[PDB]
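Residue numbers (the deposited numbering), protein chains in the order written: chain j, 23 to 62; chain Z, 82 to 156; chain o, 9 to 51; chain S, 45 to 205; chain c, 278 to 320; chain R, 51 to 149; chain K, 2 to 178; chain a, 35 to 79, 88 to 142; chain 4, 66 to 103; chain r, 35 to 196. By construction, the Cβ of each residue, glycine as well, lies at the ideal position given by its N, Cα and C atoms. Presented below is the structure to which this report refers.
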Ligand code: FES
Ligand SMILES: [K+]
Ligand SMILES: [Mg+2]
Ligand SMILES: [Zn+2]
């Protein structure tokens, strides 16, 4: 749902496509050290 | 038509592919034009240079941006 | 009491099929996509 | 007594839904500022109890709180006992106030911490394929890796406005 | 004329007892949505 | 074979149950499932149906706030459609641009 | 809500009594509302493997209204099982024979085709002519609004509304209307 | 005076946006049942030489009447009250798992 | 009455009228002209 | 309007006609250029059978229909109003306008069946004993096909056959 609206606004139709919700790191260490990059 | 699709490389659906706007490629596309969606490749920021060949993103609008920060615009 | 002789979708007499609004809309959408493909191949 | 475009009141003269008059933008902005100020004051004073958070992790959304256990069907390449921070928070909520992200909340605004407590494999899963009258029968057994995370603290900080 | 607690039940007496228990929990601070125990290390 | 093939139906059944529960909550709050899902997507709120059902069951006030947000977005969209397009965008109709 | 486990469960899984007035209302819409309430699809805690159904009491089933010519066109058919025992009656005849049959059949048709449908029908209550037993009236909880708005007759409109509605044409003074 | 939903059944919902526009703030304090919208609790309900000797006097109805009484009492059907067999009784698990 | 698909007036005395959901060509001078729509 | 009075005075019947007050169209129509009252008042495609305040202005006191030439309406609006008036009569929305009954004739008791959107006469149609298959289903008509052009706020168009 909302794929056409996302396309009109300029985003990917699937929210799991390109964007901060997918490409940002999932987790990181509590001490602040960045996590290794995701394989996907 | 199956063989032309295989030659074009569109074996997987919903996967963008780049081709050259030349008469031969256009003739190949004219046979499978009822199975494909064709868009022009828009380059608002130019060709990806050697340095920024890993921060490129193809948006749904057909634009290949060379900077991808994953951050909101401050404006 | 309403029977279709033989198989429904093959033969001389068949069960009638009717076009739906969503089917028409889908066909129109695909026609628009192919027209845009024609325009982009025009150049 | 009848301006141009007038239609006498009939069954279909007017729409079957009541008209909606949205608030003036400036007054609504002032009201929003007041609401944000009071919610931030509540956060500063600590007038909240248990917090719940809807976060994004392992390609799915988890609604968690403190002392909760989540089983992720994937190995995170971490040793047991390590503490990590879940950086993809979409919703935070309390008894009185709820904050939503578009599509994610601020890291300074919300911080969610988990601890890896167990690394195991799932119970055996059977994949059997059988085709009738074709002498086609195959069987496979699989065991997917799994990691257990315990949510330790959902801490929010005053960062609104 | 100010509500302090509400309790559900199958009978009036059970509901009143549950309401009294809820009021006691609220007064003692042992609410269900209370602040979770802080297990963070002493820093 | 049934155990292998039921893994596809399990997800469909879960999604159907989530849709039914979300529809029940929306009807309780005076809205509908499409008018809730679409107007929540228009607000850049990417909450899946499982989380929405969990909120409806356990966070009635949060779900009511979400329904109010969806109704406000729907009213803003109706106002924009009725207008000629010269009107400024609504407060909740703005889209946070990413890059 | 700081409730104990048993009171919380009892409150969550509880039966509610709804009242629906069938005074000049579509039997199909009444049946849809009653079916939703009986199945429990109106509850966020709904599930098939549970008893989320609620009691529904429908009044004024004798005064239902059918759109169009359904009273004469709609046919209810049945078979007694014996040879020559196939009986078809019109909606009007069925309504006269049993004033609570049309709504009951509509609800039965709209309910799921499983073993829970009989329990749902048992939980359903139908009463004509605004008469409800004292127990059923006392255990009621909520009254659902009528689906179809009842139109007003010409005599129901007030003189204020009559004056508000403007005259549209000027008849000749010599006509014999 | 615009309200997306009425504020008289569950909670007073107030919606706001932060200055940057990246955060939506929802303030929802619960509503309280007013005093005027409540009913009082119905607490209110001889020369006997002999004591009030009350004994349980209820004869056991047969299967049919008993099941009919139970079905009428609980608004159910007779099949639920009808018994089952040893196969199902032994198949039933006596130690089901408990979550919380 | 005679069942017909296309009702026609055999004489000027015949008149058409719709009754019971069906058309009828009635006549009085020549009753044989009476026709019923099929 | 005009009224006719018959008086048998002294074995001499006298027939007389008198002129009574007549209503006039409300001043300042929104659309003076319209050729019919409906289009002058912008009621085209904006009325239904339940609009008794509109239907009663074009009907006789006994429930009949006024001539199109007298009313000034066009053929389409005349037919639409006639269908709406028939539906209103069948739904009992005009209790004051009833058929004239000869003296001494009292109608027998009849069952009461509430109805609305009645297209055909109740005593003309036959029961649908055989509905037929799905591809050849015999549908029950609801409403009037002439009102298909009315404004439809809902996305789903009016279903004229159930
Ligand atoms: S109402 Fe305009 S032509 Fe008749
Ligand atoms: K055939
Ligand atoms: Mg066959
Ligand atoms: Zn003749």
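Legend entry - Segment limits, alpha helix (DSSP H) that includes residue 148 (chain r): Taking the first residue of the tenth chain as position 1, residue 148 (chain r) is located at position 114. Taken as a continuous stretch (DSSP letters only), residue 148 (chain r) belongs to no alpha helix (DSSP H), being part of the beta strand (DSSP E) at 148-150.
Legend entry - Identity of the residues DSSP links to residue 194 (chain S) by a beta bridge: In the fourth chain, counting from the first residue as 1, residue 194 (chain S) sits at position 150. Answer is 113 (chain S), 159 (chain S).
Inset, instruction - Anything in chain o within Cβ reach of residue 115 (chain Z), meaning under 7 Å, just list it in chain order. - result: Residue 115 (chain Z) sits at position 34 when you count from the first residue of the second chain. Those within 7 Å of residue 115 (chain Z) in chain o are 42.
Inset, instruction - Would you tell me roughly how many angstroms separate the C-alpha atoms of residue 47 (chain a) and residue 99 (chain K), rounded to the nearest one? - result: The residue given as residue 47 (chain a) occupies position 13 in the eighth chain. The residue given as residue 99 (chain K) occupies position 98 in the seventh chain. In this model, residue 47 (chain a) and residue 99 (chain K) are separated by some 49 Å (Cα to Cα).
Inset, instruction - Within 10 angstroms of the Cβ of residue 138 (chain a), are there 16 or more other Cβ atoms? Answer buried if so, exposed if not. - result: Residue 138 (chain a) sits at position 96 when you count from the first residue of the eighth chain. If you draw a 10 Å sphere on the C-beta of residue 138 (chain a), you find fewer than 16 other C-beta atoms in it, and that means exposed.
Legend entry - Buried versus exposed, by CB contacts within 10 Å (16 or more), residue 43 (chain o): The residue labelled residue 43 (chain o) in the question sits at position 35 within the third chain. Its Cβ having fewer than 16 others within 10 Å, residue 43 (chain o) is exposed.
Inset, instruction - Answer yes or no: the CB of residue 78 (chain 4) versus the heavy atoms of ligand 4, is any distance below 8 Å? - result: Here residue 78 (chain 4) corresponds to residue number 13 of the ninth chain, with the count starting at 1. Yes, the Cβ of residue 78 (chain 4) comes within 8 Å of a heavy atom of ligand 4.
Inset, instruction - With distances taken Cα to Cα, identify the nearest neighbour of residue 31 (chain j) among 141 (chain Z), 156 (chain Z), 147 (chain Z), 155 (chain Z). - result: On the first chain, position 9 is the one that residue 31 (chain j) refers to. Among 141 (chain Z), 156 (chain Z), 147 (chain Z), 155 (chain Z), the Cα nearest to that of residue 31 (chain j) belongs to 141 (chain Z).
Legend entry - Closer than 9 Å to chain c by CB, residue 121 (chain S): Taking the fourth chain and counting its residues from 1, the one referred to as residue 121 (chain S) is at position 77. No - not a single Cβ of chain c is within 9 Å of the one on residue 121 (chain S).
Legend entry - Distance between residue 46 (chain j) and residue 143 (chain Z) (C-alpha atoms, nearest Å): Residue mapping note: residue 143 (chain Z) aligns to position 62 of the second chain, counting from 1. Residue mapping note: residue 46 (chain j) aligns to position 24 of the first chain, counting from 1. Rounded to the nearest whole angstrom, the CA to CA distance from residue 143 (chain Z) to residue 46 (chain j) is 22 Å.
Inset, instruction - Compare the C-beta of residue 39 (chain j) with all C-beta atoms of chain Z and state if any pair is closer than 9 Å. - result: As a first step, residue 39 (chain j) is located in the first chain; it is residue number 17 there, counting from the start. Yes, contact with chain Z.
Legend entry - Any non-hydrogen atom of ligand 1 closer than 8 Å to residue 72 (chain r) Cβ: Start at 1 with the first residue of the tenth chain, and residue 72 (chain r) comes out as number 38. Answer for residue 72 (chain r): yes, Cβ within range of ligand 1.
Inset, instruction - Could you tell me whether any Cβ in chain r is nearer than 9 Å to the Cβ of residue 85 (chain 4)? - result: Reading the ninth chain from its first residue, position 20 is the one you call residue 85 (chain 4). At a cut-off of 9 Å between beta carbons, residue 85 (chain 4) contacts chain r.
Inset, instruction - For my contact list, residue 173 (chain r) and residue 195 (chain r) are in at a C-beta cut-off of 8 Å; report their separation, rounded to the angstrom. - result: Sequence index remark: in the tenth chain, residue 173 (chain r) carries index 139 (1-based). Sequence index remark: in the tenth chain, residue 195 (chain r) carries index 161 (1-based). Indeed, because the Cβ distance is near 4 Å, the residues count as touching under 8 Å.
Inset, instruction - Look at the alpha carbon of residue 80 (chain R) and the alpha carbon of residue 107 (chain R), and state the distance between them as a whole number of angstroms. - result: In the sixth chain, counting from the first residue as 1, residue 80 (chain R) sits at position 30. In the sixth chain, counting from the first residue as 1, residue 107 (chain R) sits at position 57. Distance between the alpha carbons of residue 80 (chain R) and residue 107 (chain R): 17 Å.
Legend entry - For residue 141 (chain Z), three-class secondary structure by DSSP: Position 60 of the second chain, counted from the start, is the residue given in the question as residue 141 (chain Z). Residue 141 (chain Z): coil per DSSP, three-state reduction.
Inset, instruction - Quick one: list the residues of chain K neighbouring residue 72 (chain a), beta-carbon separation under 8 Å, in chain order. - result: Reading the eighth chain from its first residue, position 38 is the one you call residue 72 (chain a). The contacting residues do not exist; residue 72 (chain a) stays about 15 Å from chain K at best.
Legend entry - Residue-chain proximity (residue 84 (chain R), chain j), Cβ-Cβ < 9 Å: For this step, residue 84 (chain R) is matched to residue 34 along the sixth chain. Look at residue 84 (chain R): its C-beta is under 9 Å from a C-beta on chain j.
Inset, instruction - Please look up how many angstroms separate the CB atoms of residue 134 (chain S) and residue 203 (chain S), rounded, as I've assumed it's under 8 Å. - result: Within the fourth chain, the letter at position 90 stands for residue 134 (chain S). Within the fourth chain, the letter at position 159 stands for residue 203 (chain S). Residue 203 (chain S) and residue 134 (chain S) do not touch by the CB rule: their CB atoms are close to 16 Å apart, not below 8 Å.
Inset, instruction - Output the distance between the C-alpha atoms of residue 148 (chain r) and residue 65 (chain K), rounded to the nearest integer angstrom. - result: Your numbering for residue 148 (chain r) matches position 114 in the tenth chain. Your numbering for residue 65 (chain K) matches position 64 in the seventh chain. Rounded to the nearest angstrom, the two C-alpha atoms are 7 Å apart.
Inset, instruction - Taking residue 104 (chain r) as the query, report the chain K residues whose CB atoms sit under 8 Å from its CB, ordered along the chain. - result: On the tenth chain, position 70 is the one that residue 104 (chain r) refers to. The answer, in chain order, is 172, 173, 176.
Legend entry - Rounded separation between residue 166 (chain S) and residue 119 (chain S) - CA only: As a working note, residue 166 (chain S) is residue 122 in the fourth chain. As a working note, residue 119 (chain S) is residue 75 in the fourth chain. Answer to the nearest angstrom: the Cα atoms are 12 Å apart.
Legend entry - the region 59-78 of chain K / the region 12-32 of chain K touching (three or more Cβ pairs under 8 Å): With the cut-off at 8 Å, the region 59-78 of chain K and the region 12-32 of chain K touch.
Legend entry - Contact set between residue 86 (chain Z) and chain o, taken where Cβ atoms lie within less than 9 Å: The residue given as residue 86 (chain Z) occupies position 5 in the second chain. Against chain o, a Cβ distance below 9 Å from residue 86 (chain Z) picks out nothing, because the smallest value is about 14 Å.
Inset, instruction - List the residues of chain j that residue 142 (chain Z) touches, going by C-beta distances under 9 Å, in chain order. - result: As a first step, residue 142 (chain Z) must be located in the second chain, where it is residue number 61. Against chain j, a Cβ distance below 9 Å from residue 142 (chain Z) picks out 29, 32.
Legend entry - Counted within 10 angstroms of its Cβ, other Cβ atoms place residue 41 (chain r) as buried (16 or more) or exposed: Here the question's residue 41 (chain r) lines up with position 7 in the tenth chain. So residue 41 (chain r) counts as exposed.
Inset, instruction - Look up residue 119 (chain Z) in the DSSP assignment and say whether it is helix, strand or coil. - result: The residue given as residue 119 (chain Z) occupies position 38 in the second chain. In the structure shown, residue 119 (chain Z) sits in coil (DSSP, three-state: anything other than H, G, I, E or B).
Legend entry - Classification of residue 100 (chain S) by the beta-carbon crowding that lies within 10 angstroms, buried from 16 upward: Taking the first residue of the fourth chain as position 1, residue 100 (chain S) is located at position 56. Counting Cβ neighbours within 10 Å, residue 100 (chain S) comes out buried, since at least 16 surround it.
Inset, instruction - Check the Cβ of residue 123 (chain K) against every Cβ in chain a and list those closer than 7 Å, keeping chain order. - result: If you number the seventh chain from 1, residue 123 (chain K) lands on position 122. 117, 118, 119, listed in chain order.
Inset, instruction - Just the chain r side, please: which residues come within less than 7 Å of residue 23 (chain o) by C-beta, in chain order? - result: Taking the first residue of the third chain as position 1, residue 23 (chain o) is located at position 15. Chain r residues near residue 23 (chain o): 169.
Legend entry - Short CB-CB distance (under 9 Å) between residue 129 (chain Z) and chain R: Residue numbering aside, residue 129 (chain Z) sits at position 48 when the second chain is read from its first letter. So no, residue 129 (chain Z) is outside the interface.
Legend entry - Check: residue 11 (chain o) C-beta below 8 Å from any heavy atom of ligand 3: To locate residue 11 (chain o), count along the third chain from 1; it is residue 3. True, at least one ligand heavy atom lies under 8 Å from that Cβ.
Legend entry - Residue span of the beta strand (DSSP E) that contains residue 43 (chain K), given as start and end: Translated into the one-based positions of the seventh chain, residue 43 (chain K) becomes position 42. No beta strand (DSSP E) holds residue 43 (chain K); DSSP gives it neither H nor E.
Legend entry - Close beta carbons around residue 127 (chain r), own chain, < 6 Å, minus the five adjacent residues each side: Walking along the tenth chain from the start, residue 127 (chain r) turns up at place 93. For residue 127 (chain r), same chain residues with a beta-carbon under 6 Å away, outside a window of 5 residues either side, are 86 in chain order.
Legend entry - DSSP state of residue 108 (chain r) mapped onto helix, strand, coil: Taking the first residue of the tenth chain as position 1, residue 108 (chain r) is located at position 74. Here residue 108 (chain r) sits in coil by DSSP.
Legend entry - Straight-line Cα distance separating residue 71 (chain R) from residue 44 (chain K): As a working note, residue 44 (chain K) is residue 43 in the seventh chain. As a working note, residue 71 (chain R) is residue 21 in the sixth chain. Each residue's CA atom was taken as its position, placing residue 44 (chain K) and residue 71 (chain R) some 7 Å apart.
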